[PDB]
Amino acid sequence: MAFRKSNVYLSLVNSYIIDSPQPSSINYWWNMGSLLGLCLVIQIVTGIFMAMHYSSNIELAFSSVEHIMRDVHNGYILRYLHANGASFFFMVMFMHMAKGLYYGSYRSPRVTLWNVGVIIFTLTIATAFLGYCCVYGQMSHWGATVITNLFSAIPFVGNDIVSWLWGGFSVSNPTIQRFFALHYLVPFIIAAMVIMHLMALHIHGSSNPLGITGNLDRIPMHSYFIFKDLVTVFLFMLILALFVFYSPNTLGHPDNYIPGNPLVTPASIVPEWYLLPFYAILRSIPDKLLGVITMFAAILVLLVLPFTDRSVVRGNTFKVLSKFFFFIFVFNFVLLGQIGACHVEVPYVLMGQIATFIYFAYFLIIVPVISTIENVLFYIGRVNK
Amino acid sequence: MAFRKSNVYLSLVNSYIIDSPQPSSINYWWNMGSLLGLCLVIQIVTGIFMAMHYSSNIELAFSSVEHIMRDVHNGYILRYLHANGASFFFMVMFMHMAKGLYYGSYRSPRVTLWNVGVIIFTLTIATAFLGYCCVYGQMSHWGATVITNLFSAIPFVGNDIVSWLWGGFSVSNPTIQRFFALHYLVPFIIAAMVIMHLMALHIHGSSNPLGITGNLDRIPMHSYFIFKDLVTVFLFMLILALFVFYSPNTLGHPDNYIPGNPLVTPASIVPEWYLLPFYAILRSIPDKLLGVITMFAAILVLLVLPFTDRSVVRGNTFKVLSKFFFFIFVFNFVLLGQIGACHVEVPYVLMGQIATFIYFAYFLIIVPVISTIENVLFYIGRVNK
Amino acid sequence: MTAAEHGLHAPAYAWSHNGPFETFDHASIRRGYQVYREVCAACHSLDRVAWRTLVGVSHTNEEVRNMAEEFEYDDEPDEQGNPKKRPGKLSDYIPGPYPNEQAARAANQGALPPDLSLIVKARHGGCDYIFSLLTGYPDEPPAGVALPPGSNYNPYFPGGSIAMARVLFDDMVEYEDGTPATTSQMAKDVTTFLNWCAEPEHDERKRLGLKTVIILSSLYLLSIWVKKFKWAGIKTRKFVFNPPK
Amino acid sequence: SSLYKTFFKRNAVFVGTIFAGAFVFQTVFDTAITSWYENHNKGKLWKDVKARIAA
Amino acid sequence: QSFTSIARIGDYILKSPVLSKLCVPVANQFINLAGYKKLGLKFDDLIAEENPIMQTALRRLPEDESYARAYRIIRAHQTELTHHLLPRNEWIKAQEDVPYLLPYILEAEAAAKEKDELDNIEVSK
Amino acid sequence: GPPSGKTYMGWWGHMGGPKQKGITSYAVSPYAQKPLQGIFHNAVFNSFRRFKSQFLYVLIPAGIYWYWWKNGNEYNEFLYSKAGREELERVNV
Amino acid sequence: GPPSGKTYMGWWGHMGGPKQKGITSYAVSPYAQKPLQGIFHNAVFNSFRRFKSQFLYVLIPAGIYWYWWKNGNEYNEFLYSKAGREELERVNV
Ligand code: HEM
Ligand code: HEM
Ligand code: HEM
Ligand code: HEM
Ligand code: HEM
Ligand SMILES: COc1c(O)c(C)c(C/C=C(\C)CC/C=C(\C)CC/C=C(/C)CC/C=C(\C)CC/C=C(\C)CCC=C(C)C)c(O)c1OC
Ligand SMILES: COc1c(O)c(C)c(C/C=C(\C)CC/C=C(\C)CC/C=C(/C)CC/C=C(\C)CC/C=C(\C)CCC=C(C)C)c(O)c1OC
Ligand SMILES: C/C=C(C)/C=C/C=C/C(OC)[C@@H](C)[C@H](OC)[C@@H](C)CCc1oc2c(O)c(OC)cc(OC)c2c(=O)c1C
Ligand SMILES: C/C=C(C)/C=C/C=C/C(OC)[C@@H](C)[C@H](OC)[C@@H](C)CCc1oc2c(O)c(OC)cc(OC)c2c(=O)c1C
């Protein structure tokens with residue numbers, strides 16, 4: 001047989017990237033996964049080269065990043081690629097997830113694929129938080145403070161967890177040095193989880209926009225989707241380039257150009273944009289414990305969709321009510337984020353509490369009810385007895 | 001079928017660790033590989049927990065390690081495990097390699113297995129050097145200086161490589177910060193190479209002490225070799241424990257408890273013990289370029305053994321001349337190391353040059369000649385015409 | 001939130017460095033340094049800017065050397081171990097007015113004048129904000145506003161009450177290049193200078209972006225064409241069904 | 001097009017020619033862009049400011 | 001949701017002429033908006049097949065319907081990838097949009113439900 | 001080798017689809033086809049179709065949420081102006 | 001599935017060995033066997049065998065190298081003592 005098949009290492013490459021049978025009809029929404037692998041590579045490469053110049057001591061961390069910006073040849077390019085790339089990593093992840101939601105990709109037999117995806121998402125959120133703390137600007141210090149304090153809500157042994165996470169009385173040198181060490185580690189665990197993600201993908205193959213079997217018409221990955229991937233790889237790079245060179249600070253927060261100050265929390269504190277919907281959800285609950293429980297539950301409830309989707313067909317392409325409510329969900333999610341960016345003030349507090357309800361009601365109530373109704377509508381529209 | 005077989009993740013575990021058919025007769029020399037995986041885990045776990053307390057700035061590095069020794073709860077245990085574990089990692093690697101040499105494990109169809117092994121060995125040597133520099137004691141500074149200077153021997157563009165590796169005029173802050181970043185990275189590349197090593201192992205299975213086929217009598221990995229591995233895992237831990245708690249500095253160098261000084265090279269400078277045979281080989285050549293070429297060649301010549309072993313049977317078990325010369329090789333290697341630990345003085349310089357010759361002559365001359373003779377001896381001792 | 005608590009939205013001035021193809025105006029940077037030296041430096045440090053970065057940007061190698069040598073920095077101790085000082089060199093960072101935080105608060109009614117190295121990036125509004133703040137002190141506060149003793153009013157500062165008084169007045173500086181040193185001119189200049197302090201890579205960054213965006217644009221348009229070609233057999237493929245007997 | 005069939009003659013362009021063309025491109029393109037850029041910003045550059053100072 | 005259950009609810013609606021006259025027009029309009037007929041599909045072609053009931057059912061389909069489903073599915077993928085719909089004269093008409101796989105599915109669900117019932121029968125003395 | 005769980009996808013030659021008979025496909029080399037100056041004239045009144053079907057599913061939820069956002073914002077603005085400080089005292093705590 | 005290179009090991013049921021016929025094996029449960037106080041009396045004069053065959057292959061190369069080491073060392077010691085400083089001047093450069 002061909003060497004690409006017979007060799008032990010190359011056959012892996014062949015079965016995943018060259019001869020892998022793809023459904024002929026997958027559209028550009030199926031390009032997001034390769035863009036996520038690319039993102040993971042950009043973050044790791046730029047982070048390692050920056051690590052070469054970075055000091056994690058709480059006295060030196062902010063200045064060591066200014067040193068990367070000012071003194072390291074092309075240092076500002078590395079830092080701006082890393083920071084803007086993290087944002088682009090989330091944009092593309094949301095689209096990858098939204099794609100999965102729309103086309104019923106979470107369904108059997110791809111439940112394991114979906115569950116591993118949810119783990120990667122949690123890990124990616126934790127990784128970006130650890131990195132954000134390493135700058136040690138004002139947003140870094142108070143981000144580290146607020147988020148480590150999430151665990152203080154744990155019954156009896158919560159404040160013990162927090163002081164253990166801090167390595168002392170407050171967010172200090174121990175804290176920032178261990179958060180750098182952890183920020184370096186977790187990207188490699190994400191890489192191992194991506195391999196597990198691709199393993200589960202390989203045994204059943206991709207789904208497609210029709211939601212039905214792809215077995216009757218496959219075309220090889222190589223050529224067709226290699227070069228189709230290339231189209232969105234360049235478009236992705238173009239847009240990332242426009243930010244990195246022309247607008248490098250538009251997606252960040254001006255307060256993180258101020259060194260962290262343990263005695264002063266700025267009035268202008270706002271979470272990173274990709275954390276805003278979740279922040280809003282927590283802020284909507286006027287109780288400490290229940291605030292952090294509900295926020296975590298907003299991530300875990302993604303695990304419930306294979307069971308509450310009662311439909312008998314995969315995906316929303318031929319489903320009028322499901323399409324409509326899907327876009328209610330998406331724009332509700334954007335609202336949650338716009339609420340997160342706002343002050344805790346009259347109209348906003350209520351809107352956030354209602355949007356929070358809509359968020360959970362989608363998975364637990366709307367999808368099971370609507371998919372049942374659509375099941376029955378499909379039936380009585382064709383059966384004549 | 002059983003779940004351990006049908007599940008996508010568990011079946012990997014099953015085929016490598018549970019149902020994997022082992023030749024019934026492999027002896028305790030085949031326990032070294034699991035001990036190497038264990039070593040890799042000990043180094044990574046203890047390194048990450050120490051990284052949490054370590055500062056890579058050249059002003060702070062030595063004191064930050066003293067801080068781990070003095071102030072971090074159980075910090076001296078982590079540091080002594082890491083340092084002594086690195087040594088134990090080499091002891092076991094040499095035994096794993098020597099096992100391969102003796103039993104013809106490098107032979108067809110396991111050539112790829114052997115070649116990947118040689119890469120891991122190079123990577124492991126580079127990783128330990130990077131770690132040794134991070135202490136920034138006297139041996140750290142001059143080790144970094146001498147070894148980065150290896151590349152200055154490269155025609156025309158050599159001093160350019162060195163100043164690029166240094167990040168300046170000499171071994172300085174840029175150098176130690178990038179060597180820490182690199183020391184953190186390469187263990188994970190070694191982990192990926194170990195997986196590639198186990199992949200090549202899996203398609204042909206282990207060899208055995210008789211050097212013949214194992215296909216007629218296999219027993220499962222699980223139970224038999226899981227619990228047989230456990231025997232040497234505990235013996236390994238016992239001995240490592242005796243060093244870590246009772247004799248933690250016996251395998252290191254007292255000069256590395258002195259902060260690095262760019263103006264003074266101690267008269268007592270000696271390489272780490274596991275680098276001594278290679279050091280001796282370099283020192284035996286009174287030329288700069290040829291010294292570093294010959295030393296690198298002493299590692300690459302391992303790649304030549306599948307071709308210069310002319311024998312028609314795998315392994316040395318039934319080979320009187322090959323057994324004898326194998327032990328000449330081993331004890332010659334120990335001598336090379338004892339020469340490395342000595343002064344560049346009269347008897348020693350010549351002994352080192354002769355031992356160097358014996359080292360290369362083994363692969364290039366002795367093995368091809370002797371294995372040919374043994375081939376013929378086996379024949380004329382039984383054929384009667 | 002109330003408009004006073006938010007602060008007045010700073011308007012958009014036509015900065016000559018706004019726009020993808022635009023470098024800083026380096027004459028404005030040169031002038032802005034003078035305004036910093038003669039007005040701002042009395043209260044504001046500039047800790048992250050080293051003398052050498054001025055060379056080839058706003059001043060000559062010679063000019064910067066003279067400027068640095070006007071300041072004393074700690075040197076290495078002599079042969080006997082007693083401390084000693086030293087004129088400044090190009091490797092040194094621009095020194096600040098105060099020795100520590102406590103001395104800076106003492107000289108400013110208890111308030112701390114921030115370092116200005118990053119101030120343009122560390123505020124919403126950027127250049128527009130800094131400029132507007134400096135030129136936006138009214139002679140009297142709006143009616144009803146009771147200002148704390150030692151505070152000043154400025155509508156662009158959040159809450160209106162700022163601990164820095166107006167410091168720019170017409171012709172308090174004699175511009176070395178002849179330019180009329182009006183307050184809005186001086187504001188325009190320091191602000192341009194402070195944008196450079198915060199973003200020294202500005203001119204070069206945009207030049208690299210121009211190349212990067214042209215190459216990537218082309219690669220994008222090219223890959224579309226190559227994809228369509230490689231897919232043409234599949235896209236125009238035709239099926240026929242003849243049901244089997 | 002017959003401009004292609006004169007140089008490469010119905011065959012694809014080979015890596016060696018591609019690599020060689022890339023080295024040429026890099027230098028030509030950089031000079032073209034720096035020229036346009038410095039010209040577009042005439043007056044504002046340090047080059048231009050130094051022409052009006054002497055001491 | 002099982003097809004036995006969809007059939008239960010659907011048939012109840014279809015018989016009672018209160019609901020039957022109220023819902024079926026809604027359902028008819030839902031089916032036209034769905035759009036699958038413009039790709040040349042019948043609804044039963046759309047049922048997710050990666051489970052034992054649907055594999056049993058498809059196995060039991062007569063040859064000629066099987067080859068026809070195969071063509072309709074392949075033709076749907078090709079049209080989808082060209083971002084077109086079929087010529088209108090090629091669309092599936094409502095008379096053709098029959099539940100051809102439904103009887104095989106319902107039969108397999110009943111067989112499966114009985115096995116589950118019999119594997120778990122209690123006994124009383 | 002080591003065994004294997006049954007899946008719903010195989011590989012070339014045994015993909016796991018149903019037996020195909022009667023379908024005949026035709027295609028033509030990309031090399032023999034018109035260089036890409038075709039689309040347009042034949043295909044631009046064609047597409048811009050698939051979003052006539054879709055735009056309502058996107059636009060109506062978008063509209064609902066944009067209206068709801070604009071309203072709540074303008075209300076907050078009123079509340080914190082002079083005119084609304086009386087209503088602010090009422091709706092606050 | 002994805003194809004596969006032919007190797008020299010298969011798996012349980014198709015290991016790739018030759019066809020076996022005529023060989024009959026017997027074994028007895030570990031549970032039914034004497035608790036481990038057996039070895040000794042029956043097996044300690046037994047082992048310590050496999051190193052009667054081997055010790056010469058190890059010992060003779062070891063001997064050669066230990067002798068060679070001891071000799072060179074004692075010579076270096078002589079060279080740097082008073083008695084040997086004359087020989088040192090001779091053999092050095
Ligand atoms: C010289 C023209 C000059 C500049 C430029 C300047 C700017 C400036 C900014 C941008 C701030 C930060 C305001 C903010 O938080 O948004 C700031 C703050 C203070 N300054 Fe200043 N400053 C200039 C000059 C002077 C001079 C000469 C003095 C000392 C007499 C002075 C003082 C202060 C103080 C005090 C503050 C703190 C404001 C507060 O916290 O309320 N500045 N300045
Ligand atoms: C999935 C991968 C990663 C993500 C999502 C990520 C994300 C981030 C984020 C959000 C920041 C702060 C950006 C800012 O400056 O505002 C950051 C900082 C940093 N990261 Fe990462 N990171 C990743 C991997 C890595 C890796 C493997 C390293 C290697 C050491 C690394 C090293 C650093 C360093 C040195 C900083 C501080 C410099 C800076 O602020 O940009 N990162 N990271
Ligand atoms: C670093 C993160 C990730 C990487 C590199 C990655 C990569 C991939 C790749 C290459 C594909 C195939 C192509 C595609 O459909 O886009 C895929 C499919 C899929 N992924 Fe991910 N993924 C990531 C995160 C996630 C997350 C966060 C989820 C969901 C919570 C997820 C859910 C899925 C699903 C369900 C599919 C199958 C889609 C289908 O075929 O219909 N992935 N992923
Ligand atoms: C194959 C794996 C590794 C090997 C062989 C290795 C070896 C070494 C060696 C020889 C030293 C100097 C020991 C001494 O103090 O004398 C060292 C130091 C160090 N290593 Fe590693 N290392 C490995 C992995 C890691 C990893 C993944 C980390 C994670 C950051 C790490 C972090 C450190 C740190 C923080 C030091 C300085 C503390 C110390 O001196 O013990 N190492 N390593
Ligand atoms: C971190 C390093 C390594 C790991 C974790 C590792 C692990 C393993 C494992 C688990 C085995 C099977 C059990 C055994 O035979 O001991 C194996 C076999 C083998 N390894 Fe390694 N290995 C490492 C480095 C190397 C090196 C440095 C070489 C040679 C330069 C090498 C050569 C071989 C060969 C030839 C075999 C087959 C032996 C036979 O079956 O006769 N390995 N290794
Ligand atoms: C069936 O479905 C599929 C499908 O299977 C595939 C594969 C693709 C195509 C997409 C991909 C193959 C994505 C693949 C990518 C990954 C799995 C990446 C994993 C992540 C990593 C971070 C890689 C590891 C990297 C490193 C350790 C970095 C290396 C570091 C270096 C060189 C440091 C250098 C610096 C110095 C100083 C020495 C599809 O598109 C698809 O559907 C259409
Ligand atoms: C046919 O031959 C075989 C054979 O195949 C096998 C498998 C074995 C048995 C041996 C093995 C299975 C060895 C296996 C081990 C490995 C491949 C290990 C790879 C290396 C690693 C470093 C693992 C990855 C680890 C990490 C990333 C570390 C995790 C870090 C953590 C938890 C940090 C925690 C800390 C904080 C603060 C959160 C044999 O013995 C054998 O012959 C007899
Ligand atoms: C060693 C690792 C540790 C201890 C922690 C990892 C795990 C934690 C998380 O998920 C993995 C966590 C990031 C969480 O996930 C629920 C995110 C949605 C966080 C959302 C979040 O962000 C904020 C933020 O960014 C801020 O910045 C200025 C400030 C903030 O208050 C004002 C917040 C905040 O109030 C919340 C809820
Ligand atoms: C970014 C990574 C970089 C630049 C470098 C990695 C690659 C280099 C190596 O192999 C991978 C290298 C370690 C080499 O391998 C041939 C070893 C056998 C080194 C042997 C070695 O050690 C010494 C040592 O330890 C010392 O300490 C005090 C001092 C030394 O002089 C006195 C030496 C020395 O003279 C030699 C040859």
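In terms of determination method and resolution, the entry is listed under X-ray crystallography at 2.3 Å.

**Q** What am I meant to see in the overall build of chain A here?
**A** Counting its secondary structure elements, chain A contains 15 helices and two strands. A globule of 385 residues ought to have a C-alpha radius of gyration of about 21 Å, and chain A, at 23 Å, matches this closely. Principal-axis analysis of the C-alpha atoms gives chain A an extent of 75 × 60 × 40 Å. Within chain A, the fraction of its 385 residues that count as buried is 62%. Of the contacts formed within chain A by residues at least 6 apart in sequence, a portion of 78% connects residues at least 24 apart. Carbon and sulfur atoms make up 74% of the accessible area of chain A, which totals about 14,700 Å².

**Q** So what exactly am I meant to see when it comes to the state of the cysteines here?
**A** Each disulfide is one covalent bond, formed between the sulfur atoms of two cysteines. Per the counting criterion, the structure on display carries zero disulfides over all chains. The structure places no disulfide on B:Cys39, whose sulfur is separated from the nearest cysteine sulfur, that of B:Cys134, by 20 Å.

**Q** I keep staring at the arrangement of the chains and nothing clicks. Help me out?
**A** Highest in contacts among the 12 pairs of chains that touch are chains A and E. When C-alpha atoms are compared, chain B and chain E, though not in contact, are closest at a spacing of 16 Å.

**Q** Please clarify how the coordination of the iron atom of ligand 2 should be interpreted in this entry.
**A** Tetrahedral metal sites with four donors have an ideal angle of 109.5 degrees; octahedral sites with six donors have ideal angles of 90 or 180 degrees. Residues and elements named next belong to chain A. Of the protein atoms, only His82 (NE2) and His183 (NE2) coordinate the iron atom of ligand 2, at distances of 2.0 Å. Considering all six donor atoms around the iron atom of ligand 2, angles at the metal cover 85 to 179° and the coordination shape is octahedral. Pair noted here: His82 is in helix α5 (residues 75–102) and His183 is in helix α9 (residues 173–204), with a separation of 101 residues, a long-range link. The same class applies to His82 and to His183, which are both buried.

**Q** Explain the interface of chain E and chain A to me, please; I cannot follow it from the model alone.
**A** Many descriptions give the size of an interface as the accessible area lost when the pieces come together. If you look at the interface, chain E gives 40 residues, while chain A gives 31 residues. Of all residues in chain E, E:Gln1, E:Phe30 and E:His77 give up the largest surface area on contact with chain A, accounting jointly for 22% of the area buried on that side. Inspection of the chain E/chain A interface yields three salt bridges. Measuring nitrogen to oxygen at the nearest pair gives 3.7 Å for the salt bridge that ties E:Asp97 to A:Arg382. One can count seven residue pairs in polar contact joining chain E with chain A.

**Q** Could you clarify how one ought to interpret the site of ligand 9 in this entry?
**A** Residues and elements named next belong to chain B. Near ligand 9 you find 19 residues, and of these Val146, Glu272, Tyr279, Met295 and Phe296 are the closest. In this structure, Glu272 approaches ligand 9 through a side-chain N or O atom, which is 2.7 Å from an oxygen atom. When the free accessible area of ligand 9 is taken as 840 Å², the share hidden by the protein chains comes to 90%. Contributions of two or more residues to the shell around ligand 9 are made by α6 (111–134), α7 (138–149), α11 (276–283) and α12 (288–300). Along the lines of polarity and charge, the residues of the shell around ligand 9 split into 16 nonpolar, two polar and one charged.

**Q** Even after reading the chapter, I still don't get the site of ligand 2, so can you show me in this structure?
**A** Residues and elements named next belong to chain A. Taken together, 20 residues form the shell around ligand 2, and within it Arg79, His82, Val135, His183 and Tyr184 come nearest. Between an oxygen atom of ligand 2 and a side-chain N or O atom of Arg79, the distance comes to 3.0 Å. Contact between ligand 2 and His183: a nitrogen atom at 2.7 Å from a side-chain N or O atom of the residue. Looking at the shell around ligand 2, the elements with two or more residues in it are α3 (32–51), α5, α6 (111–134) and α9. If one sorts the elements of the shell around ligand 2 by residue count, α3 sits on top with six residues. Tallied by class, the residues present in the shell around ligand 2 amount to 13 nonpolar, six polar and one charged.

**Q** Would you mind going over the interface of chain E and chain C with me for this structure?
**A** Contacts between the two partners involve nine residues from chain E, matched on the other side by seven residues from chain C. Summed over both partners, the interface of chain E with chain C buries about 780 Å², with 67% contributed by carbon and sulfur atoms. Contact with chain C buries area across many residues of chain E, yet E:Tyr71, E:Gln78 and E:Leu81 alone supply 60% of it, more than any other trio. One can count zero salt bridges joining chain E with chain C. Linking chain E to chain C there are four residue pairs in polar contact.

**Q** How should the nonpolar core be read in this particular structure?
**A** In a soluble, globular protein the nonpolar side chains are often hidden away together inside. Counting residues in each nonpolar core, the largest one holds 312 residues, and the members touching the most others are A:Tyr359, B:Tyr359 and C:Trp51. Element by element, the count of residues in this core is highest for helix α15 (residues 346–380) of chain A, at 15 residues. Of the residues that make up this core, three or more belong to each of domain 1 (4–200) and domain 2 (201–245) of chain C.

**Q** Even after reading the chapter, I still don't get helix α15 (residues 346–380) of chain B, so can you show me in this structure?
**A** Residues spaced three or four apart along an α-helix face the same direction, because each turn holds 3.6 residues. The first and last C-alpha atoms of α15(B) sit 47 Å apart over 35 residues, in line with the 51 Å expected at 1.5 Å per residue. Along α15(B), the largest kink reaches about 60° and is centred on B:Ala361.

**Q** Explain the coordination of the iron atom of ligand 4 to me, please; I cannot follow it from the model alone.
**A** All names here are of chain B. The iron atom of ligand 4 binds to the protein through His82 (NE2) and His183 (NE2); the donor distances cover 2.0 Å. In this structure, the iron atom of ligand 4 is surrounded by six donor atoms whose angles at the metal cover 85 to 179°, and the resulting shape is octahedral. Since its relative accessible area comes to 19%, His82 is described here as buried. Given a relative accessible area of 17%, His183 falls into the buried group.

**Q** Would you mind showing me how to read the environment of A:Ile219 here?
**A** Position of A:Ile219 relative to the elements: it lies in strand β2 (residues 218–220). Its relative accessible area of 5% is what places A:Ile219 among the buried residues. In this structure, the C-alpha to C-alpha distance between A:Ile219 and A:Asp160, residues 59 residues apart in sequence, is 56 Å. Beyond its immediate stretch of four places on either side in the chain, A:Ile219 contacts A:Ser20, A:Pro21, A:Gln22, A:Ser24, A:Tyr224, A:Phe225, C:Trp231, C:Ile234 and F:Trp12.

Criteria and cut-off values
- Residues numbered from 1 in each chain as written, not as in the entry; some residues may be left out.
- Chains lettered and ligands numbered in written order.
- Part of a larger assembly, values for the part shown.
- Heavy atoms only, no water.
- Helix = DSSP H or I, 4+ residues; strand = E, 2+ residues; numbered from the N terminus.
- Rg over C-alpha atoms; globule rule 2.2 N^0.38 Å.
- Buried < 20%, exposed > 50% of the residue type's maximum accessible area, 1.4 Å probe, protein only.
- Contact = heavy atoms within 4.5 Å.
- Areas by Shrake-Rupley, 256 points an atom, 1.4 Å probe, with all protein chains shown as cover.
- Disulfide = S-S within 2.5 Å.
- Donors = N, O, S within 2.8 Å, 3.2 Å for Na, K, Ca; no water.
- Tetrahedral: all angles 85-135°; square planar, octahedral: opposite > 155°, others 65-115°.
- Buried area = accessible area lost by both parts, 1.4 Å probe.
- Salt bridge = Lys/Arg side-chain N within 4 Å of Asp/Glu carboxyl O.
- Polar contact = N/O pair within 3.5 Å; in protein donor to acceptor, adjacent residues only side chain to side chain.
- Near = heavy atom within 4 Å.
- Nonpolar A, V, L, I, M, F, W, Y, C, P; charged D, E, K, R; others polar.
- Core = buried A, V, L, I, M, F, W, Y, C linked by side-chain atoms within 4.5 Å.
- Domains from an automatic or database assignment.
- Expected span 1.5 Å × (residues − 1).
- Bend = angle between axes of the 7 residues up to and from the residue.

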